[PDB]
There are 4 protein chains.
Amino acid sequence: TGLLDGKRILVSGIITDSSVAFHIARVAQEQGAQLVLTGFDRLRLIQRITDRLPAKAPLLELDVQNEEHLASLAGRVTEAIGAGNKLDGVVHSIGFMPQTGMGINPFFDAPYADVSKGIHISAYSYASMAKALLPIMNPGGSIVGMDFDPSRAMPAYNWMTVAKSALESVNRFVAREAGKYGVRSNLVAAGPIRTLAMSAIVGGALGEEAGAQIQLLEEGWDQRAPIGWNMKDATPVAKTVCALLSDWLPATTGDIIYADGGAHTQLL
Amino acid sequence: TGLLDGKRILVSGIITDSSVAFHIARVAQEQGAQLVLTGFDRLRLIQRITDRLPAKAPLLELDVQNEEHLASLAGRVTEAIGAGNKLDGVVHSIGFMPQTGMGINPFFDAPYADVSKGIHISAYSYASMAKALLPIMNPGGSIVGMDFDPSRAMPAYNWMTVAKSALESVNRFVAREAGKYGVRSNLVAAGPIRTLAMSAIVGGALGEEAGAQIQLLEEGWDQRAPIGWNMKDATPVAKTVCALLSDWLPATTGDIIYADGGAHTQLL
Amino acid sequence: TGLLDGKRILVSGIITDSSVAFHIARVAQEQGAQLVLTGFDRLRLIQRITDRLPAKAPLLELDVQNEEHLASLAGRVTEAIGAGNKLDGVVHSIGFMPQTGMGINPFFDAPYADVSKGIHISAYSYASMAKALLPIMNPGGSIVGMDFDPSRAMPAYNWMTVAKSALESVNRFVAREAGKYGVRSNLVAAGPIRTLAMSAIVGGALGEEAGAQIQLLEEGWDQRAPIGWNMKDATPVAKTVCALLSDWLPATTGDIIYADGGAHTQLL
Amino acid sequence: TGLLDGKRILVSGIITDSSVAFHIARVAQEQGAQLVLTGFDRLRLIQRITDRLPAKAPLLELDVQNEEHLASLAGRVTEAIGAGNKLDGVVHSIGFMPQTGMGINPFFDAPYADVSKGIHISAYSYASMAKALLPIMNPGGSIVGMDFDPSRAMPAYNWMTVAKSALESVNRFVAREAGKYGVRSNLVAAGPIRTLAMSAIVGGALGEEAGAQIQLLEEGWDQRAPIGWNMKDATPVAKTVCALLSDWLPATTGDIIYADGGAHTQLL
Ligand SMILES: NC(=O)c1c[n+]([C@@H]2O[C@H](COP(=O)([O-])OP(=O)(O)OC[C@H]3O[C@@H](n4cnc5c(N)ncnc54)[C@H](O)[C@@H]3O)[C@@H](O)[C@H]2O)ccc1C(=O)c1ccncc1
Ligand SMILES: NC(=O)c1c[n+]([C@@H]2O[C@H](COP(=O)([O-])OP(=O)(O)OC[C@H]3O[C@@H](n4cnc5c(N)ncnc54)[C@H](O)[C@@H]3O)[C@@H](O)[C@H]2O)ccc1C(=O)c1ccncc1
Ligand SMILES: NC(=O)c1c[n+]([C@@H]2O[C@H](COP(=O)([O-])OP(=O)(O)OC[C@H]3O[C@@H](n4cnc5c(N)ncnc54)[C@H](O)[C@@H]3O)[C@@H](O)[C@H]2O)ccc1C(=O)c1ccncc1
Ligand SMILES: NC(=O)c1c[n+]([C@@H]2O[C@H](COP(=O)([O-])OP(=O)(O)OC[C@H]3O[C@@H](n4cnc5c(N)ncnc54)[C@H](O)[C@@H]3O)[C@@H](O)[C@H]2O)ccc1C(=O)c1ccncc1
């Protein structure tokens with residue numbers, strides 16, 4: 001009863017109710033997991049968002065660039081879950097890439113300070129979280145990060161794709177570390193999901209050509225997906241994360257599960 | 001209650017109690033699936049083997065090279081599961097590669113008749129089964145085949161690796177077909193499992209250098225696996241198959257889940 | 001002077017003057033290679049085609065399914081090139097997939113006899129040729145086969161994609177064998193080239209939907225290619241084969257060079 | 001006469017005479033290319049090193065983290081090569097990863113400031129160089145960066161592997177940009193080369209376990225390589241870079257050529 005029954009799971013990256021992490025949290029709760037959530041900057045907001053989750057979850061502040069947040073995370077979570085209790089699950093659902101770098105908008109014009117911020121938050125923070133959290137994880141545990149397939153360049157996502165390549169590589173190293181703890185580390189490569197940032201982009205937040213490109217990306221995904229892809233539905237990805245959080249992929253680590261409708265297996 | 005609760009699942013490829021498919025079947029049953037099994041040539045044997053499964057399952061003959069078996073499969077399974085009932089799950093756990101082709105034993109010396117047999121049974125039969133069975137599958141359904149990662153050549157497995165490359169490619173096409181039915185098609189790439197054939201090979205069935213190579217392959221796997229690999233335990237793979245058979249990887253098709261301890265993410 | 005100056009190179013697979021192998025041969029000759037050609041069934045035709053090459057080349061019959069052709073190849077080529085002379089280069093530019101299997105036309109409807117023929121000629125023949133020819137190759141030698149990227153399923157090519165997956169896998173094994181001889185074995189993954197068969201397909205030889213699909217494949221290639229792709233020009237692929245035949249990729253084997261305009265690095 | 005005859009080629013990353021870029025430069029010169037070299041911090045040293053090249057080459061300072069260096073590069077090179085002359089070739093042979101991050105030495109202990117420096121110099125600088133230099137490149141041009149295969153985690157290289165994953169991803173984006181100029185952008189994934197830094201590491205510069213690991217990596221490479229790998233010889237990689245710099249891989253971009261002895265195609 002419950003895929004995640006009895007599992008304590010930290011889920012980062014809720015910012016709105018359309019956040020992939022919101023759905024992960026909701027599905028994890030539906031599946032019996034006890035959550036601790038982390039949020040970055042707008043904690044009153046995140047608290048209010050997360051109140052809609054089917055169960056209460058302690059919400060902790062984690063700015064993955066901080067250091068002090070990271071240093072105290074583990075302490076703050078064992079406090080939230082009770083001393084002598086450890087994490088079974090950690091969800092990294094964190095990403096960010098500044099400007100220009102990202103849409104439209106010339107790849108070449110992103111200053112390294114921005115790329116570096118993006119990679120910090122989007123890639124390196126995966127190692128950071130695993131470092132902060134593996135000491136309070138149980139054998140049989142699972143770390144899952146949110147990915148998208150960056151093995152081919154694409155329009156618009158630019159430096160964010162680079163950040164995901166870095167992340168996928170970080171993941172395979174976290175796996176090496178996580179393994180000593182009996183902990184899996186895996187990524188879920190999602191197809192495009194109409195998250196608030198994503199609808200803003202397709203709406204022209206980042207320029208016409210950025211939005212046009214993402215819309216094209218979305219349509220081609222779905223077409224390519226042998227089972228289709230619904231970008232308005234984060235649930236198939238929430239669930240895939242949960243499958244990774246579960247004991248049902250026990251021999252899978254340093255790996256990437258594609259929750260993308262199979263689009264990446266296809267070409268056309 | 002039960003990952004696979006209420007699911008009707010055909011599981012091929014039980015030949016002994018150390019068959020990966022035996023474990024898949026056992027775990028599937030533990031998880032509430034109702035099975036139909038297929039067996040190839042030694043049905044009295046397979047019946048006797050499968051009696052040890054936690055639940056009875058109708059056993060059907062399927063020689064995947066036959067044609068008549070394939071043509072009548074679907075009819076025979078709807079008979080076994082009851083008219084108006086369809087499959088939710090199909091497990092292809094079938095492989096075979098003759099001689100020389102396979103260990104030791106020169107790759108170049110395998111006649112095409114043997115390679116072709118191997119690919120028939122090991123790769124093409126995946127399309128065959130999906131063809132025979134998709135007409136009696138439910139939307140939300142899942143086809144899983146047993147794979148090993150053939151993206152790099154290795155000693156000993158030779159033509160069988162080629163057969164797995166062909167299979168992985170067949171899988172991505174079955175996905176296209178399966179998708180029209182709302183059915184996923186995926187592969188599980190397992191690490192080496194001490195199946196009876198495999199212990200025979202490491203014992204020198206196919207020559208000293210074949211066995212030496214597989215033993216080396218086994219050790220390097222485990223070392224590479226950030227979570228280790230236990231070749232004597234098919235369970236982590238049974239379970240991964242079940243995860244694919246479940247509704248917990250709903251956005252994954254034409255794909256390969258590596259139940260290999262993460263060895264393939266590693267290098268060294 | 002001449003990329004391939006002083007190199008003896010066997011080039012298979014000329015059937016017309018729009019054959020990729022015709023261009024390979026022409027470019028190889030322009031680059032100073034001395035060729036031996038093999039042709040399959042229509043040798044008077046192939047002789048007449050190959051007369052247009054900038055230099056004469058002995059033409060040998062090689063039906064890669066034969067066995068006797070294979071057994072006598074090596075003898076027939078050392079005869080053509082002079083005893084005490086060996087091959088430096090071997091070009092496999094051979095492929096074939098029967099019906100239905102290939103366009104339109106249901107993947108599931110290709111009988112294994114056809115798939116097996118396709119894989120024989122398209123994949124296994126790569127091992128066959130390397131087996132026949134490595135005994136008459138020089139250290140520093142190079143075997144190149146013609147590939148297309150089958151890592152993702154696509155419309156229309158179906159079983160031929162499977163055949164290319166098998167081939168890529170065969171290639172990595174031939175590399176292991178070739179290596180003992182100081183010989184590289186590599187594949188060139190070409191984008192779509194308007195070869196006579198290919199224009200026939202886009203013209204509806206294999207049905208409307210087959211042709212529509214290939215045309216779509218062609219356009220998307222070119223769009224995806226950061227340097228574009230001209231399907232009417234086999235030359236960039238001829239040249240890439242030559243680069244592999246040369247001493248300029250000396251540390252590359254079991255590998256695939258994508259002469260595809262970079263389309264495969266792109267997504268969209 | 002000369003693979004690179006008449007080509008103007010910028011080659012970065014000479015620091016010693018065992019630098020991969022030194023060999024690239026030497027082979028490029030042997031092949032008729034006219035070089036402009038860039039060097040980072042020790043220009044008197046680099047000048048003295050580069051005096052041993054078979055031909056004189058203007059040496060320009062390029063600290064790829066600078067910005068002003070980048071902004072003025074293009075101007076400084078057109079000055080070195082003569083107004084109305086453009087680059088045909090650009091070689092990025094630049095990498096760096098600080099401490100701990102790199103050997104031994106816990107992956108988790110590298111502060112982001114160090115990782116970010118590493119990625120700046122090792123990955124982002126590839127975009128930087130392409131940005132600075134594409135405006136002074138000729139159609140038919142070629143940008144080549146030095147890579148190693150980071151698709152699997154490995155001991156010791158840690159954050160540097162991540163940096164290479166980022167680089168490979170950067171490369172596929174530079175390809176998109178380079179393409180508008182008729183310029184290819186590709187990476188060469190080299191096996192391990194006993195460069196001065198590398199011998200220092202295997203000598204214990206970074207700790208015993210770092211050196212042990214690299215030595216193991218080196219041996220396994222060579223064993224895996226169907227044509228062997230000689231880590232003391234950068235020439236097969238110099239040459240592969242040259243092949244990319246040449247017109248002989250005209251349809252290859254956003255891509256990675258493995259000059260690794262085929263080790264990456266192998267497993268074991
Ligand atoms: N379409 C998508 O929404 C998408 C999302 N993801 C991943 O899902 C994860 C969650 O993203 P989301 O839910 O879409 O976006 P979101 O904006 O809801 O969440 C991102 C989260 O990151 C958090 N964050 C930002 N900075 C920090 C910081 N310093 N410290 C802590 N937290 C911080 C932020 O608070 C927010 O909660 C990210 O890793 C995504 O990159 C992965 C892939 C896709 C997808 O982008 C895609 C893209 C291109 N091709 C195919 C598929
Ligand atoms: N070590 C392993 O045992 C191994 C097994 N698998 C897959 O698991 C599946 C089951 O294999 P197993 O359980 O090991 O072996 P098994 O001998 O128990 O089962 C193979 C089954 O195929 C059946 N079969 C043979 N011919 C026919 C036919 N004409 N019609 C119907 N059925 C037929 C046969 O009856 C038997 O039940 C096969 O696809 C394997 O290739 C996949 C990978 C690995 C693994 O090999 C590996 C290999 C190399 N590197 C890494 C990992
Ligand atoms: N578009 C293309 O033309 C294409 C061609 N190639 C490869 O290039 C090689 C040459 O093909 P081609 O020049 O297009 O076609 P072709 O018809 O000119 O040559 C095929 C050759 O195979 C020969 N052959 C057939 N049967 C036998 C036999 N029993 N023994 C000996 N020879 C035999 C036949 O005589 C002919 O000379 C084949 O391996 C192709 O698959 C590889 C890829 C592509 C490309 O197909 C593509 C496809 C899908 N996505 C992307 C790119
Ligand atoms: N073994 C190797 O030496 C190796 C080298 N490469 C690449 O070859 C390229 C050259 O490296 P190398 O010749 O070995 O080392 P090197 O120390 O000779 O050259 C690195 C160059 O980078 C330069 N550099 C550093 N910082 C800056 C800066 N701010 N601005 C401008 N230049 C700067 C530095 O001056 C030096 O000339 C780098 O991209 C390497 O990463 C790629 C792969 C391998 C290989 O590492 C390997 C590794 C793991 N698995 C398999 C193979």
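Atoms considered below: every heavy atom in the structure, side chains included; atoms not considered: hydrogens, waters and symmetry mates. Naming: A, B, ... by sequence-line order, numbering from 1 per chain. Read the numbers this way: they start at 1 and go in the same order the structure lists the ligands and their atoms.
Shown here are the side-chain hydrogen bond (donor to acceptor under 3.5 Å, both in side chains) partners of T16(D), two or more places apart in sequence or in another chain: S18(D). Taking the side chain to side chain contact (heavy atoms under 4.5 Å, CB included) definition, one finds that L45(B) meets it with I15(B), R42(B), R48(B), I49(B), sequence neighbours left out. By the ring-ring contact (aromatic ring centres under 6.0 Å, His included) test, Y157(C) pairs with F148(C), sequence neighbours left out.
Pairing each heavy atom of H92(B) with each of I94(B), the nearest pair is CE1-O, 3.2 Å. For the residue pair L70(D) and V64(D), the shortest heavy atom distance occurs at CD2-O, 3.0 Å. The two residues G13(D) and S19(D) make their nearest non-hydrogen contact at O-OG, 3.5 Å.
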Check ligand 3 for close polar pairs with the protein: N or O on both sides, less than 3.5 Å.
{"residue": "ligand 3", "atom": "1 (N)", "partner": "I193(C)", "partner atom": "N", "Å": "2.8"}
{"residue": "ligand 3", "atom": "1 (N)", "partner": "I193(C)", "partner atom": "O", "Å": "3.3"}
{"residue": "ligand 3", "atom": "3 (O)", "partner": "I193(C)", "partner atom": "O", "Å": "3.3"}
{"residue": "ligand 3", "atom": "13 (O)", "partner": "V20(C)", "partner atom": "N", "Å": "2.8"}
{"residue": "ligand 3", "atom": "14 (O)", "partner": "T195(C)", "partner atom": "OG1", "Å": "3.1"}
{"residue": "ligand 3", "atom": "18 (O)", "partner": "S19(C)", "partner atom": "OG", "Å": "2.5"}
{"residue": "ligand 3", "atom": "22 (O)", "partner": "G95(C)", "partner atom": "N", "Å": "3.3"}
{"residue": "ligand 3", "atom": "29 (N)", "partner": "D63(C)", "partner atom": "OD1", "Å": "2.9"}
{"residue": "ligand 3", "atom": "30 (N)", "partner": "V64(C)", "partner atom": "N", "Å": "3.0"}
{"residue": "ligand 3", "atom": "37 (O)", "partner": "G13(C)", "partner atom": "O", "Å": "2.6"}
{"residue": "ligand 3", "atom": "37 (O)", "partner": "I15(C)", "partner atom": "N", "Å": "3.4"}
{"residue": "ligand 3", "atom": "39 (O)", "partner": "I94(C)", "partner atom": "O", "Å": "3.2"}
{"residue": "ligand 3", "atom": "39 (O)", "partner": "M146(C)", "partner atom": "O", "Å": "3.4"}
{"residue": "ligand 3", "atom": "39 (O)", "partner": "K164(C)", "partner atom": "NZ", "Å": "2.9"}
{"residue": "ligand 3", "atom": "41 (O)", "partner": "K164(C)", "partner atom": "NZ", "Å": "3.1"}

